[PDB]
Amino acid sequence: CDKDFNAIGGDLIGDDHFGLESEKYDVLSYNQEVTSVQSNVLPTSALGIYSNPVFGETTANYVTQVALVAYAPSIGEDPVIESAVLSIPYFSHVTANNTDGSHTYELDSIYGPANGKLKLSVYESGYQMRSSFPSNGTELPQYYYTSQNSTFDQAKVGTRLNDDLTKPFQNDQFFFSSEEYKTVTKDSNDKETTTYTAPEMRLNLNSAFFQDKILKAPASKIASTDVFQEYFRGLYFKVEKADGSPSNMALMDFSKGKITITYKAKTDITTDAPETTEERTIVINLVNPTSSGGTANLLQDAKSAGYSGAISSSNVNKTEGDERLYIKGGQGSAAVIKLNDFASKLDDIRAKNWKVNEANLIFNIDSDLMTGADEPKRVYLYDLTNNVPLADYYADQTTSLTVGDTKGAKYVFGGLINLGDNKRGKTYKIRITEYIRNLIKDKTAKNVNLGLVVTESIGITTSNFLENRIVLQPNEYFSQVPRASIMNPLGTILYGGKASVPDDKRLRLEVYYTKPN
Amino acid sequence: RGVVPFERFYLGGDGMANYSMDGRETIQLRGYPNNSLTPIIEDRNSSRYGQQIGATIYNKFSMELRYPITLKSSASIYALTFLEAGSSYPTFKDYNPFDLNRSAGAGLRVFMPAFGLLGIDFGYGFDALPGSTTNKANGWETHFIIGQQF
Amino acid sequence: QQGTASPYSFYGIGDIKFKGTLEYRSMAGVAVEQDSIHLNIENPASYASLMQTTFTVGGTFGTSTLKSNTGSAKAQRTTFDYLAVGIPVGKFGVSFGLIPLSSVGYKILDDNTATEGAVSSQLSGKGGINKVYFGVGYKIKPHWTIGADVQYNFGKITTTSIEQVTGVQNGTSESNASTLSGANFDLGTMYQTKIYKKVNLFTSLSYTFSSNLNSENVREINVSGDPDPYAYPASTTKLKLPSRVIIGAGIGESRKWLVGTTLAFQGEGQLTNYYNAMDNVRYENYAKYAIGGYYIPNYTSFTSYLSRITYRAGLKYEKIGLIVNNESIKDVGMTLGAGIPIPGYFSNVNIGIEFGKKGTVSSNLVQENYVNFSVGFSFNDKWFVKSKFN
Ligand SMILES: CCCCCCCCCCCCCC(=O)O[C@H](CCCCCCCCCCC)CC(=O)O[C@@H]1[C@@H](NC(=O)C[C@@H](CCCCCCCCCCC)OC(=O)CCCCCCCCCCC)[C@H](OC[C@H]2O[C@H](OP(=O)(O)O)[C@H](NC(=O)C[C@H](O)CCCCCCCCCCC)[C@@H](OC(=O)C[C@H](O)CCCCCCCCCCC)[C@@H]2O)O[C@H](CO[C@]2(C(=O)O)C[C@@H](O[C@]3(C(=O)O)C[C@@H](O)[C@@H](O)[C@@H]([C@H](O)CO)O3)[C@@H](O[C@H]3O[C@H]([C@@H](O)CO)[C@@H](OP(=O)(O)O)[C@H](O[C@H]4O[C@H]([C@@H](O)CO[C@H]5O[C@H]([C@@H](O)CO)[C@@H](O)[C@H](O)[C@@H]5O)[C@@H](OP(=O)(O)O)[C@H](O)[C@@H]4O)[C@@H]3O)[C@@H]([C@H](O)CO)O2)[C@H]1OP(=O)(O)O
Ligand SMILES: *[C@@H](O)[C@@H](COC(=O)CCCCCCCCCCCCCCCCC)OC(=O)CCCCCCCCCCCCCCCCC
Ligand SMILES: *C(=O)CCCCCCCCCCCCCCC
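So, here's what we can say about the structure. (Residues numbered from 1 in each chain as written, not as in the entry; some residues may be left out. Chains lettered and ligands numbered in written order. Part of a larger assembly, values for the part shown. Heavy atoms only, no water.)

1. Re the overall build of chain C
On a plain count of helices and strands, chain C comes out with one helix and 20 strands. The globule rule puts the C-alpha radius of gyration for 390 residues at 21 Å, and the 23 Å found for chain C is close to it. Burial analysis of chain C (390 residues in total) assigns 52% to the buried set. Within chain C, contacts between residues separated by at least 24 positions form 66% of all contacts whose residues are at least 6 apart in sequence. (Helix = DSSP H or I, 4+ residues; strand = E, 2+ residues; numbered from the N terminus. Rg over C-alpha atoms; globule rule 2.2 N^0.38 Å. Buried < 20%, exposed > 50% of the residue type's maximum accessible area, 1.4 Å probe, protein only. Contact = heavy atoms within 4.5 Å.)

2. Considerations on the overall build of chain A
Helix and strand counts for chain A come out as nine helices and 31 strands. Dimensions of chain A, computed from C-alpha atoms along their principal axes, come out at roughly 105 × 70 × 50 Å. Burial status across chain A gives 51% buried among its 517 residues. Sequence-distant contacts, at least 24 apart, represent 78% of the contacts inside chain A between residues at least 6 apart. Here chain A carries 52 positive and 64 negative side-chain charges, and the mean point of each set is 3 Å from the other. (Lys, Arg positive; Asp, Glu negative; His and termini not counted. Charge placed at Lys NZ, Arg CZ, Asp CG, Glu CD.)

3. What about the site of ligand 1?
Near ligand 1 lie 13 residues; those nearest to it are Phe92 and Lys93 of chain B together with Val132, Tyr152 and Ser181 of chain C. Taken together, the residues near ligand 1 originate from chains B and C. The contact in question runs from an oxygen atom of ligand 1 to an N or O atom on the side chain of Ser181 of chain C, over 2.8 Å. Of all the secondary-structure elements, those providing two or more residues to the shell around ligand 1 are β6 (119-141) and β7 (144-165) of chain C. Top contributing element to the shell around ligand 1 by residue count: β7 of chain C, with four residues. For the shell around ligand 1, the class distribution of residues is nine nonpolar, three polar and one charged. (Near = heavy atom within 4 Å. Polar contact = N/O pair within 3.5 Å; in protein donor to acceptor, adjacent residues only side chain to side chain. Nonpolar A, V, L, I, M, F, W, Y, C, P; charged D, E, K, R; others polar.)

4. So, the sheet that holds strand β4 (residues 76-89) of chain B
Residue and element names in this part refer to chain B. Across the sheet, which stays open at both edges, the five strands sit in the order β3-β4-β5-β6-β7 with antiparallel pairing between neighbours. Looking along the sheet, the strands with just one partner apiece sit at the ends: β3 (57-71) and β7 (139-146). Across the sheet, the axes of successive neighbouring strands diverge by a mean angle of 20°, strand direction being ignored. By the bridge criterion, ten bridges tie strand β5 (residues 101-112) to strand β6 (residues 116-125) in an arrangement that is antiparallel. Bridging across to β6, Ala104 finds its partner in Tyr124. (Pairing = 2+ DSSP bridges. Axes fitted to C-alpha atoms, helices over the stretch in contact; angles between N-to-C directions.)

5. Structural notes on the site of ligand 2
Neighbouring ligand 2 are 18 residues, the closest being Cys1 of chain A, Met63, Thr81 and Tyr124 of chain B together with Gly59 of chain C. Neighbouring residues of ligand 2 are not confined to a single chain but are spread across chains A, B and C. Between an oxygen atom of ligand 2 and a side-chain N or O atom of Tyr124 of chain B, the distance comes to 3.1 Å. Here ligand 2 loses 62% of its free accessible area of 1,100 Å² to cover by the protein chains. Ranked by residue count, the leading element in the shell around ligand 2 is strand β2 (residues 53-67) of chain C, at four residues. Its residues assigned to classes, the shell around ligand 2 comprises 13 nonpolar, four polar and one charged. (Areas by Shrake-Rupley, 256 points an atom, 1.4 Å probe, with all protein chains shown as cover.)

6. Remarks on the side chain of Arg312 of chain C
Residue and element names in this part refer to chain C. In this fold, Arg312 is placed in strand β17 (residues 310-324). The side chain of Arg312 sits in the buried core without any salt bridge; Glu23 is the nearest counter-charge, 5.6 Å away. A polar contact of 3.3 Å, which involves the side chain of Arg312, links it to the side chain of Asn350. Other than its neighbours up to four places away in sequence, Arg312 contacts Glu23, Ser26, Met27, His38, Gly293, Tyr294, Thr335, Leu336, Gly337, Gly339 and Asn350. (Salt bridge = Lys/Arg side-chain N within 4 Å of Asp/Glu carboxyl O.)

7. Topic: the pattern of salt bridges
This model, assessed by the stated rule, comprises 44 salt bridges over all chains. One salt bridge in this structure joins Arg233 of chain A and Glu230 of chain A, with 3.4 Å as the shortest N-O distance. Overall, the relative accessible area of 24% leaves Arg233 of chain A in the partly exposed class. Salt-bridge contacts for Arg102 of chain B lead to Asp127 of chain B; the nearest nitrogen and oxygen are separated by 3.3 Å. Separated by 25 residues along the polypeptide, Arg102 of chain B in strand β5 and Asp127 of chain B in the loop between β6 and β7 bring together distant segments of the chain. The same class applies to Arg102 of chain B as to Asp127 of chain B, namely buried. Residues joined in a network through salt bridges with shared partners are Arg30, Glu64, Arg66, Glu84, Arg109 and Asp121 of chain B.

8. Focus on the nonpolar core
Residue and element names in this part refer to chain A. Counting 75 residues, the largest nonpolar core has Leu339, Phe342, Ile432, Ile436, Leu452, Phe478 and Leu509 as the members making the most contacts within it. Those residues in contact with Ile436, other than ones at most four positions away along the chain, are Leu339, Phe342, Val356, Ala359, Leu509 and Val511. Membership of the second largest hydrophobic core comes to 41 residues, among which are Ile49, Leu86, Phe176 and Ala250. (Core = buried A, V, L, I, M, F, W, Y, C linked by side-chain atoms within 4.5 Å.)

9. Digging into the sheet that holds strand β1 (residues 18-26) of chain A
Residue and element names in this part refer to chain A. A sheet is described by the order of its strands in space; here five strands give the open sequence β1-β31-β22-β26-β25, paired in antiparallel fashion. Where the open sheet ends on each side, the last strands, each with one partner, are β1 and β25 (414-419). With direction set aside, neighbouring strand axes in the sheet form an average angle of 25°. Relative to strand β26 (residues 425-431), strand β22 (residues 355-364) runs antiparallel, the two being bridged by five bridges. Looking at the pairing, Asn364 lines up with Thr427 of β26.

10. Overview of the pairing of strand β15 (residues 234-241) of chain A
Residue and element names in this part refer to chain A. Most of β15 sits inside the fold, with six of its eight residues counted as buried. In terms of strand pairing, strand β4 (residues 56-64) meets β15 through three bridges, oriented antiparallel. Bridge pairing links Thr64 to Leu235 in β15. As paired elements, strand β10 (residues 118-125) and β15 share eight bridges and run antiparallel to each other. For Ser121, the partnering residue across the bridge sits in β15 and is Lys238.

11. Observations regarding the packing of aromatic side chains
Taken as a whole, this structure holds 46 aromatic pairs over all chains when the rule is applied. Plain terms: the ring middles of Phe9 of chain B and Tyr58 of chain B are 5.0 Å apart, the flat faces sit at 45° to each other, and that makes the pair tilted. Here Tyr58 of chain B lies in strand β3 and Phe9 of chain B lies in strand β1 (residues 9-11), a separation of 49 residues in the sequence. Ring pairing ties together the aromatic residues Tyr71, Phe209, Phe210, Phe228 and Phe232 of chain A, which thus form one cluster. The ring of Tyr49 of chain B has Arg44 of chain B lying over it, and the distance from NZ or CZ to the ring centre is 4.1 Å. (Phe/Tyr/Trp six-rings, centres within 6.5 Å; stacked < 30°, edge-to-face > 60°. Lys NZ or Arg CZ within 6 Å of the ring centre and 35° of its normal.)

12. Thoughts on the environment of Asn248 of chain A
All names here are of chain A. Counting through the fold element by element, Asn248 comes out in the loop between β15 and β16 (249-252). Owing to a relative accessible area of 3%, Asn248 belongs among the buried residues under this scheme. Setting aside anything within four residues of it in sequence, one finds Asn248 in contact with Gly48, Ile49, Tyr111, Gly112, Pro113, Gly116, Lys117, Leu118 and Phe176. Separated by 3.5 Å, the side chain of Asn248 and the backbone oxygen of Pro113 make a polar contact.

13. Overview of the interface of chain C and chain A
Facing the 44 residues of chain C at the interface are 28 residues of chain A. Of the roughly 3,300 Å² buried where chain C meets chain A, counting both sides, 60% is carbon and sulfur surface. Put simply, chain C and chain A have three salt bridges between them. One salt bridge connects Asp226 of chain C with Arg437 of chain A, and the closest N-O pair in it is separated by 3.9 Å. Those elements that provide at least two residues to the side of chain C that touches chain A are β2, β3 (72-89), β5 (106-110), β6, β7, β8 (172-196) and β10 (211-223) of chain C. Per-class residue counts for the side of chain C that touches chain A are 20 nonpolar, 16 polar and eight charged. (Buried area = accessible area lost by both parts, 1.4 Å probe.)

14. Here's the deal with a negative patch on the surface
Residue and element names in this part refer to chain A. Together, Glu77, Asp78, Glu82, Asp268, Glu278 and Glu279 line one region of the surface with negative charge. Within the secondary structure, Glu77 sits in the loop between β5 (66-68) and β6 (80-89). The class of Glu77 is partly exposed, set by a relative accessible area of 38%. (Patch = residues over 30% accessible without salt bridge, like charges linked within 9 Å, V, L, I, M, F, W, Y side chains within 5 Å.)

15. Here we look at the environment of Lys119 of chain A
Residues and elements named next belong to chain A. Residue position: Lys119 is located in strand β10. Along the backbone, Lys119 and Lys238 are 119 residues apart, and their C-alpha atoms lie at a distance of 8.1 Å. Setting aside anything within four residues of it in sequence, one finds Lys119 in contact with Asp172, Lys238, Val239, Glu240, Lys241 and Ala242. Here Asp172 takes part through its side chain, which lies 2.9 Å from a polar atom of the side chain of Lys119.

16. Focus: the pairing of strand β20 (residues 367-381) of chain C
Residues and elements named next belong to chain C. Two elements, β2 and β20, share 15 bridges in a ladder whose sense is antiparallel. Each residue of the ladder has a partner; that of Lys67, found in β20, is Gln367. Alignment of strand β19 (residues 348-358) against β20, held across eleven bridges, turns out to be antiparallel. By the bridge assignment, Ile353 is partnered in β20 with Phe373.

Such coordinate-based values are descriptive only and should not be taken to indicate function.
Rendered as structure tokens:
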């Protein structure tokens, strides 16, 4: 039992031969607006109108391709459609188990006031979508951008399918509900079957439309997916502000959405051969946004005066930098970060045999400007030159302490918000120890440009292309943006690296060295 | 030329007789697992880090107090208490004969002509195993052997 | 697994561990009498006086409380002290064993947490120098013996210093390792006379020659997370072990009582390595003054067994030889012991308790109060007996 330490006699031992100290370096950071981005393979899409006090108002639409579970179906003889219901499950969590079975749910990923209402319109798309197209000897991929709302809105056929005026909660006064949709069926020979379904978007579509579109359609149109997709191109979801009510936006997973058509046929009969009818059902599933490229998220934003002015090319200084950094998700903006000061002294750092203990970038949030608006829960830093994650991202294998919180992983890398006692954001710290180590260790390495942008999930590290690449400098381009950034509709304001910014809030790189002597 | 890779020493655990023909010797040091005190490869990036290469030096010091409960020809049973300390080293330049892994405990031994020598021991390790990050005692250990495993 | 916890072990080659067997350590190192069942490792001439083969092993359990002007701390250490074998060969005597020359050990922690940007240090040390000896003694006369021995010194001293700032998670750990190897020679003589009736005058003189120690140093700096360590070029330094002259004299009746005094002086040495070089620490000559003896009520007693136990006691004043902050570090202590002889054999079990004070709290130094409990086993058996009646 002699494994205990003590604090007696520390002055008698000689001093070591290494000096642990930290250095501060300036950073060049400017704003770069994100123009129309690719919204074709987004795992989660936004549907609604979100009003942000600082950034502004953003309207999100969605277009998708429909598919049949089993092609070349046998609808039957003399089919009569009974109902056409579209169901899209909502992100919800059970909050209170109640008696008599049933449950109480709370909607998740809903942005905006809880009492918001929007005018939802579901139209039949008349614009054929493809996942890829042959080119001059090559098979190029098909990309749908966030600014193509006009193309899909002009090529829409008929009127909105959800035209049941008897239920205003599905049209003209739509609102994301949290009901449990209790259903009871005495089909158990007399016994009931109380079945409950989680909150979902249930809409009653025009029965007449589906009668001739599927139940009374030529067999040559529903024989395969290629012919069906050309016949039923897709569904277009349009949102507008309701009469005298605020608007809210929600993030949904349309991969689980489907429209079930319930009808009655004449049955296989031949035994009784009467005018009897049987109950049949056909399901028209929505294409998967990940396995198909026939889904686009039409995001339109009305940038505020302050946000538009800061990200404007006339108010951006690429030489000195910007005092305030406005980073917003979706078709918003990003920040270009260059460690020019560190590169200038990189020659002397490697000559003195200095070792890097840790490197970090601390982004301070502008609490005064960012007041009354929802703050992003995490930020992401990547390599803008190569459009790939930094070496520190791969080197960090830490998982969130909370069980089931996959969004809080890689806490060593950083990016998570540091809220104060007021429950408001205070700063974001990202560690780039591995990136700095490689620069000093490897002489052939080059200091690449770094991009800061809001992220929804740290796991999604893919990138989405821009319709038109931006020329940052003579031979520098801004062509892609992280896919997790487009999904996040929130944004944050941070202090820049300009020399005019106070040293206590200015953005600067802090490197902790082990100076051997 | 270097030391030969055979005829090495392995310390820790219940121990085993020199049954192998390659010269490998297993030394018993109660209170620790089997071969837990043998030096390991510390190159880290050698693709074989953590493997037990074998020791070239070893020294064990033990003290025991035994009391006979029965010493008949049919069955000889005696109890014992021990205080051991031992260590293994990779080379002569790292030989520290007084830097040992201490342990203590008690055990029971029964010898029957037909069933042979049977022994059960309980030892406590007062030191940490090599390569351990935390300097914490190894703890209690149980050793069972049949025959003269020396 | 360290042998000492004193911060003073950082300087020189560490703290002197071996100071004689429990039979002699309990008498403050006074080994004037020419014993027949005990091994006097410090004097090679005593090997000739052995009458039966001797096997000795010893261990100790030390308890110390470090005190400074800031606070106090408690530390305890357990170690194996020695292993020696003595073999009588006619008029000659041969002895071989393993003893610890010195030990390095300290675990100091400077906790500067709870404050962002504060460096926290975790100083630690381990290792020491060990000795292997082979000595031969000869009886020039029935009560006059001379002898010589050869000792090989070997060991490794490793010093580690890990520093971590409060904020960052990756700290640095500098480690210094030194391998020392060398040989020395010792000469001794013991003369015993009879001044008065039943009273004898014991005299013993021993001399140790100066030796050169070769040290191979390796200093490497490691930082958490970085897979490539920064290693300094290998260096080789030469150390010089000082010579020792031990003079002892005492009066007493064999198996009844004994009172003696010993004076040990050391010459000039160079124990400053590359890692322990300091400006506030100097070196001086080691000097030890000790007075001790034993008392046996009645060795040949059949009524009470307590009268057959050898009771030992001793006092000691040592000048370690290092001057820290212009203050000479001295060690003062008292020792008590008892030798219980196993019935029917010359083998015995030795028990001893030593307590003293080393260092001082003045001049920002550290004072150490220790209470060490030791146990020793001396086994004796007669060998080389020829069997007649062919
Ligand atoms: C009796 C009982 C039986 C026992 C018998 C044993 C006794 C017999 C004697 C044995 C000794 C024989 C040694 C020997 O010799 O044989 C050795 C083989 C021996 C076989 C023995 C067989 C035994 C049989 C037994 C049978 C049994 C039945 C091998 C050897 O040899 O290994 C040697 C190794 N020793 C051991 O391993 C032993 C081992 C021990 C092993 C045996 C253990 C046995 C124990 C078992 C018994 C147990 C029984 C129970 O120890 C240990 O394990 C630890 C201790 C053991 C602990 C024991 C505990 C016991 C416990 C018991 C408990 C119960 C040695 O260490 C030192 C010590 O050795 C022993 O002790 P230690 O080791 O310390 O312990 C001595 N003596 C001992 O007795 C100790 C014994 O243990 C004691 C025994 C104890 C017994 C106990 C008994 C117990 C039982 C009894 C019971 C009672 C000690 O004495 C002392 O103090 C001690 C004392 O006083 C001595 C007397 C003591 C006697 C004791 C009395 C008895 C008492 C007993 C009782 C008390 C002494 O201090 O290092 C040497 C390295 O030297 C070389 C080399 O290898 O050539 C050359 C060097 O140059 C010198 C020089 O020239 O002078 C050296 C110095 O002088 C110094 O001045 C130095 C300057 O500092 C330089 O700055 O220079 C230098 O290179 C340089 O030299 C050139 C020159 O020009 C200089 O300028 C340059 O050329 P250039 O530039 O062109 O001009 C070079 O550069 C060129 O090249 C480079 C490259 O390009 C080339 O590439 C590569 O190639 C190079 C080639 O060289 C390689 O070949 C490499 O080297 C390069 O690195 C490189 O990688 C470039 O370089 P870079 O710039 O890039 O860097 C450069 O650009 C340029 O090109 C380069 O710079 C160096 C390099 O730096 C290394 O990397 O390498 C080794 O080679 P060595 O040179 O031959 O000696
Ligand atoms: C602190 O946590 C504590 C350890 O706590 C534990 O977990 C307890 C450890 C297990 C206790 C022993 C369990 C088995 C019972 C029998 C014990 C063995 C007795 C043997 C006696 C006869 C010899 C065969 O820490 C401690 O308990 C501290 C222990 C300190 C012990 C100090 C005294 C040891 C003796 C000192 C001399 C060295 C021994 C060798 C003597 C001969 C010389 C060669
Ligand atoms: C914490 O360190 C508690 C003390 C560690 C255990 C003490 C027992 C050590 C055993 C040493 C045995 C030496 C050899 C005995 C006969 C040769």
